[PDB]
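Each chain, written out:
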Amino acid sequence: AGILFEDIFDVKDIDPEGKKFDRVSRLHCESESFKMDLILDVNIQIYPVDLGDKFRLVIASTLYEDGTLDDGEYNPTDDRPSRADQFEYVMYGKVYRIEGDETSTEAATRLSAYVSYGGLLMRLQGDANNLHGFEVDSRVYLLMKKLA
Amino acid sequence: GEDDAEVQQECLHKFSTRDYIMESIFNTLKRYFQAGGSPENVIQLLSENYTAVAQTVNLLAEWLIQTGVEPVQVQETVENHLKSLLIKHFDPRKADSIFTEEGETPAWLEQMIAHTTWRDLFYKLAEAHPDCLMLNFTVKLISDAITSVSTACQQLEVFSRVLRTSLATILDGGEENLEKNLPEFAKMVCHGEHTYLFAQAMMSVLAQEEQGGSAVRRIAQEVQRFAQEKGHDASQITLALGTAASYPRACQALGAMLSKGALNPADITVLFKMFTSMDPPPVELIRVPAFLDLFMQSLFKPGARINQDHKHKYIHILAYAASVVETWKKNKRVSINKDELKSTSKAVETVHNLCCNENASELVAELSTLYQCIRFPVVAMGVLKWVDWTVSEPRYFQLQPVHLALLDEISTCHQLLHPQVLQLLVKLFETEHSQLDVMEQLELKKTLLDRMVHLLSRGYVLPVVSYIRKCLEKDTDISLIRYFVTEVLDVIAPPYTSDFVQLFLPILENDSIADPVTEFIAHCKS
Amino acid sequence: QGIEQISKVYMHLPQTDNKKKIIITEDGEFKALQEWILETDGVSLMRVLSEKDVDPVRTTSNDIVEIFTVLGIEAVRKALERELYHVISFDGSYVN
Amino acid sequence: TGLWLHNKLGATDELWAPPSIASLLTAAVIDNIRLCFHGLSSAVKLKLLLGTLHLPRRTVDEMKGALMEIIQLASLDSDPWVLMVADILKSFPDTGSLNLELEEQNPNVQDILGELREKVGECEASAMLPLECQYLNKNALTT
Amino acid sequence: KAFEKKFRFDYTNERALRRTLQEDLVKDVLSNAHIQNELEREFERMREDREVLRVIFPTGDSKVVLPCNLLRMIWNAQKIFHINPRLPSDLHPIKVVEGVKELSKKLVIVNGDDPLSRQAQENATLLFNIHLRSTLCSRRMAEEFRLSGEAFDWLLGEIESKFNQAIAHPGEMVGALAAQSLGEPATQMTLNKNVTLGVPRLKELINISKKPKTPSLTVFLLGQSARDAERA
Amino acid sequence: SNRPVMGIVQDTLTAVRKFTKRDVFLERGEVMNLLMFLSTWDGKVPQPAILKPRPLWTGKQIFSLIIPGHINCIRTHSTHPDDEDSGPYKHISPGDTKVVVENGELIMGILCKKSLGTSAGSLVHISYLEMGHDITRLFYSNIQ
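Scoring rules and cut-offs
- Residues numbered from 1 in each chain as written, not as in the entry; some residues may be left out.
- Chains lettered and ligands numbered in written order.
- Part of a larger assembly, values for the part shown.
- Heavy atoms only, no water.
- Residues with missing side-chain atoms left out of burial classes, pairs and counts.
- Contact = heavy atoms within 4.5 Å.
- Buried area = accessible area lost by both parts, 1.4 Å probe.
- Salt bridge = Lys/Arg side-chain N within 4 Å of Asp/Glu carboxyl O.
- Polar contact = N/O pair within 3.5 Å; in protein donor to acceptor, adjacent residues only side chain to side chain.
- Helix = DSSP H or I, 4+ residues; strand = E, 2+ residues; numbered from the N terminus.
- Core = buried A, V, L, I, M, F, W, Y, C linked by side-chain atoms within 4.5 Å.
- Buried < 20%, exposed > 50% of the residue type's maximum accessible area, 1.4 Å probe, protein only.
- Nonpolar A, V, L, I, M, F, W, Y, C, P; charged D, E, K, R; others polar.
- 1 Å grid on protein atoms, 1.4 Å probe; cavity = no way out; pocket = protein on both sides within 12 Å on 5 of 7 lines; lining within 4 Å.
- Points joined across faces, edges and corners; volume = space filled by probe spheres on them.
- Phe/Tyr/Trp six-rings, centres within 6.5 Å; stacked < 30°, edge-to-face > 60°.
- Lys NZ or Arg CZ within 6 Å of the ring centre and 35° of its normal.

Determination of this PDB entry was carried out by cryo-EM to a resolution of 2.7 Å, according to the record.

This is the structure:
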């Protein structure tokens, strides 16, 4: 599969601190199932989302749904069946931080994974059990599709 | 082989050691006398090292009693020593072994329980052990004379009976003793979600009674508050219990906001569109205390994140919550007053603008519009939380305190805010700063004492003087209590009801001056 | 009264931490106490250091030749270093 | 599925549903509880039935029949805990509301009502209102 | 309190060592007291270094200029070898102590073996050695950096190489360099109690004069007159 | 003063401040044009930051190719709101005002005088101290 994470989120705030970038908005979203908090910078100009929307989110290691590594290089001419065909918005970034509530005595129960899609930042906070696929300086694909 | 060569030495170690004759000495002596050898030198070994420590204690203890020092000091010292030795050397396995050899502990337990310190010993032993049979039995039986929550909720029948008895005590507590009657029940309910849902459903059905079920609804909301304090989301509980099912949009919106313990423009926008529709859902549906506290901390702490296109939406929903009259024609909203809405929203808007601007002197500039607008109750609560968070900053009294004046408008003009204001100032009367010296701390304390005396003048007299008695018996120096009496007898007019004397005069026994104190004591004893 | 060549003396509490009385409290933490300092016009360092209830350690001058005459060559080395460091770093610039 | 429910609910200190329980459940498990609902300790059965509530409204609406059958099983367990949570939560998975005529021949609820009904009726005087009334204007407050 | 908490290595809480170190290293650390004495001596000499810094920097300014950026080198070590800070490390504390010791032996400013050359060597690299021992202490190396053995060896090699690259080359006309580096800011120096500054003051300092424009005595007080305005 | 004597200057400094903004997006032809001027380019077009609904690259994504080697740096944009380092959004920035170069990649922030100028600790300084004078020369020319 190569899907590090999957859920359905709903947007609970669009641009909370006031608009600071005319094409990018910092969505704050909640997950009903995993109860993960999500902060995610989205290029609203090409993929407009407004308040109260819902969307399936998927963080995947690859897109070819076979475990074949992506090579991290832009190949426009790809014949392999891409997972991105099932999604509307697709970004590609690198996880650059994994914080948690760990002490020196006990492991973390809550983890916060931070990803940078070319500058567009995302944080995903929640229980540690769902974020074991994330490891720092690994490449990930964020696949987001609006749900009716 | 025969264990004589080892077990006889095991027994002779406890024979020939210094001072063991007074004891398991019988058991080891039997193990030796049955094992043979030299039983005559055993008795000599027992009595050889008999240092007569006990008669030494006789001499010493009776000499301390000869000295005129209180023997109860000796009793406390011996009890503390032996109890500490027990706690340091208590073994839960051996307590369960005492249970194993017989279910009911012999009369030594029932003689210890007569002693208060040993009852507290069993409380500290058994409150932490929810599976040790001796300890669980002792705590449960002493409750029959804390009921351990594990055995409180182990079955319906025990939980129900302790629940109804404790709730009867809460209702008997009126409005003061609940502080002691509610936690024993609440922590019992707040252990599992099934005992939770059961107790909440029972209190919901009980709340439908118009002959006081409002109080059961209050206690249910308090238990839900405590369940939140234990980190358990009872959002969907209140949803499926109340009329949230009548409106799925309000249900999902509100329940999400409650589950997070925070607001959001999304659910807020849902409720705004619902109450902007021609059919606004019930105002009771949003009138939930923690929810309105979310409104407070959104609109009156520095920050939070806020948009102007939603600032007015938060304000208008809170105005609808605080303003609209829905009359039930057999649970039918047929008359909707929304005429006291716009003024309330305007006042909330202006006051929230001031509060989130992080105001002092500018307060005094627009204090006219403030005391005009504190007449709105919800606005009074909002300013109360704002001034609480500003003044609760460490060392906010070294830099302007005008904020304490505003309670005068609040408490005087709103009776039911007397409990909050005093329950604010109880924190502020315990203010302590190393920068602002004890002189300035006492200055602020005496200022707060004048505020509390004014609040007493509005009728909030029983808990004021009760807490004044408690902190004098504790913290509050005699100077502060004397100044309290000075200001009181300088402002209060006779007659003085005995409900006030019963706490004010027996704490005034410490002093006799502020002479008005002599007049007060003479009048109130005669 | 007073020592000659001292035409004015300004007394003040420095709000900048550099001249504040920095100590190490018993916990081992740096604490910058606010204490009165006097800055004068005209210098007589031997006399003012000889005064009573004057800190004879931290008291210094901005006149380097005074320092050389009263304290010595290593003292005026250090004082000259601090003085030209001050005049350079006053405008915010930095040099090694 | 039963040992799965153990490994997600083995801890007895938590008598509540674990937070994010729908995620610590799965729709496959939402159906498959019925296979081994009666196999665990009754505490775990309770925690599962209570976990039914935190699941999203729509996800329960899709698998409403499964939770209906699970509550029907919950109404059979010897521990009265399971009986009354089944009694309360009969209607939720398909209706979205809970039972409220809850004096349902349980002698324990009968004791609670038979005492506290008349106790509350006696304590109507100075009955401390809910905490909502503080924030409301006088007209709605009186109404 | 904070210094001891953050720098004194703990070899008495097993849980921390399991979280930070592989179980074989935890057993090695807990078993024998020799390594424990070595770490105790490490912390003791770090305390001595702290007192030395306290007497050198009485103003408490921690900003100081030094050759090798130890934090950036540690970060480069982390990201070259893909150090996972979420997992226990495989680096002995004793290996950290011995590595920093032999590295400090390798960093030479003055060479020789008589007491004079050795004392000058100690004084020349005193501050950098203090900074190195504080930064690469086994406590922080095992808690926050979590470097592996090969990463630590690479780090020591890089510190050695960069330090040797940082020594002043003989033949460098440092006099002219100092003259130009102190003359250039005079072109930017302007002129706004009232005290003379700028190029007049710099002139007088280099052009040493018997007549200051604004001579002064920043005279301090020690008794209660330091705080009492009346006595002042 | 143990710092770079030359940094990035007027037009290119203003333009790289505008370029590394979070919301700079470049389509395929634009990045293919820009990579012509990158002398140190290895010839591999990086994966776009956004693939669907259209391929787009970020300004930081292109600038990460300009940054040489695997240097690592932390600075703050000129308009960095102090008290941001204390809030919940410490390592995620609403204003994108903390520049974090990581393994030779600019993963977040807006570059300015305080990170590309002549200040000690600037990105060009670390480039000099790590990669040597030649690679830093190429870095300067490529930025220009």
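More follows now that the structure is in view.
Tallying the contact residues gives 11 residues for chain F and 6 residues for chain E. Roughly 770 Å² is buried in total at the junction of chain F and chain E, and carbon and sulfur atoms are behind 45% of that figure. At the boundary of chain F and chain E, one finds 3 salt bridges. For the interface between chain F and chain E, the tally reads 4 residue pairs in polar contact. Taken together, the elements giving at least two residues each to the side of chain F that touches chain E come down to β4 (73-76), β5 (98-102) and α5 (123-143) of chain F.

All names here are of chain E. The topology assignment puts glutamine 78 in helix α5 (residues 70-80). Sequence separation of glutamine 78 and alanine 186 is 108 residues, and the distance between their C-alpha atoms is 43 Å. Not counting chain neighbours up to four residues away, the residues in contact with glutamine 78 comprise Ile83, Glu144, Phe145 and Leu147.

What follows covers the nonpolar core. If you look at the biggest cluster of nonpolar residues, it comprises 102 residues, and the most contacted ones within it are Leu271, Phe291, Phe295, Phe500 and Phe504 of chain B. In terms of residue count, the dominant contributor to this core is helix α24 (residues 377-391) of chain B (9 residues). Residues contacting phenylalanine 504 of chain B, with those up to four places away along its chain left out, are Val465, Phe484, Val485, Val488, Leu489 and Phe520 of chain B. Within the second largest apolar cluster, 81 residues are counted, among which are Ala152, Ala201 and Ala240 of chain B together with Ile70 of chain D.

When their charged atoms lie close together, side chains carrying opposite charge are able to pair. Enumeration according to the criterion identifies 52 salt bridges over all chains in this entry. Among the ionic pairs, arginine 217 of chain B bridges to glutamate 132 of chain D, the shortest N-O distance being 2.9 Å. Within this pair, whereas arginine 217 of chain B is found in helix α14 (residues 213-229), its partner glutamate 132 of chain D is found in the loop between α8 (107-122) and α9 (138-142), the two belonging to separate chains. Exposure remark for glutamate 132 of chain D: the relative accessible area of 11% places this residue in the buried category. Measuring nitrogen to oxygen at the nearest pair gives 3.1 Å for the salt bridge that ties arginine 482 of chain B to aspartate 511 of chain B.

Before going further, it helps to spend a moment on the interface of chain D and chain B. Counting residues at the interface gives 49 residues for chain D and 71 residues for chain B. Each partner contributes to the roughly 5,700 Å² buried at the junction of chain D and chain B, and carbon and sulfur atoms together form 69% of this total. Three residues, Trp16, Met128 and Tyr135 of chain D, lead the burial of chain D against chain B; their summed loss comes to 18% of the area buried on that side. On inspection of chain D and its partner chain B, the count reaches 2 salt bridges. Among the salt bridges present, the one from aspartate 172 of chain B reaches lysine 119 of chain D, with a minimum N-O distance of 2.6 Å. Summed over the shared surface of chain D and chain B, the number is 17 residue pairs in polar contact. With 11 residues, α8 of chain D is the largest single contributor of residues to the side of chain D that touches chain B. Among the residues making up the side of chain D that touches chain B, the classes are represented as 30 nonpolar, 11 polar and 8 charged.

Here we come to empty space enclosed by the protein. Residues and elements named next belong to chain A. In this model, the largest cavity occupies a volume close to 110 Å³. For the lining of the largest cavity, the leading source of residues is strand β2 (residues 24-31), giving 3 residues. In the lining of the largest cavity, the residues fall into 4 nonpolar, 2 polar and 6 charged.

Describing an aromatic ring pair means giving the distance of the ring centres and the angle of the ring planes. Under the criterion given, the structure shown has 26 aromatic pairs over all chains. Seen in terms of ring centroids, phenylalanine 5 of chain A and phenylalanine 34 of chain A are 5.4 Å apart; in terms of plane orientation they differ by 45 degrees. Their pairing is tilted. Of this pair, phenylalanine 5 of chain A sits in strand β1 (residues 3-13) while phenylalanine 34 of chain A sits in the loop between β2 and β3 (37-43), and the two are 29 residues apart along the sequence. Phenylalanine 34 of chain A matches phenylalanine 5 of chain A in its accessibility class, with the two residues each being buried. Here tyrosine 32 of chain B and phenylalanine 33 of chain B contribute two aromatic rings whose centre-to-centre distance is 6.4 Å and whose plane-to-plane angle is 75 degrees, an arrangement assigned as edge-to-face. Overall, the relative accessible area of 42% leaves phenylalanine 33 of chain B in the partly exposed class. One aromatic cluster is present, formed by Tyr496, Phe500, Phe504 and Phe520 of chain B through successive ring pairs. The cationic tip of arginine 57 of chain D hangs over the ring face of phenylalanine 92 of chain D; the distance from NZ or CZ to the ring centre is 5.2 Å. The aromatic ring of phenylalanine 3 of chain E is capped on one face by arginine 50 of chain E, whose charged end is 4.7 Å from the ring centroid.

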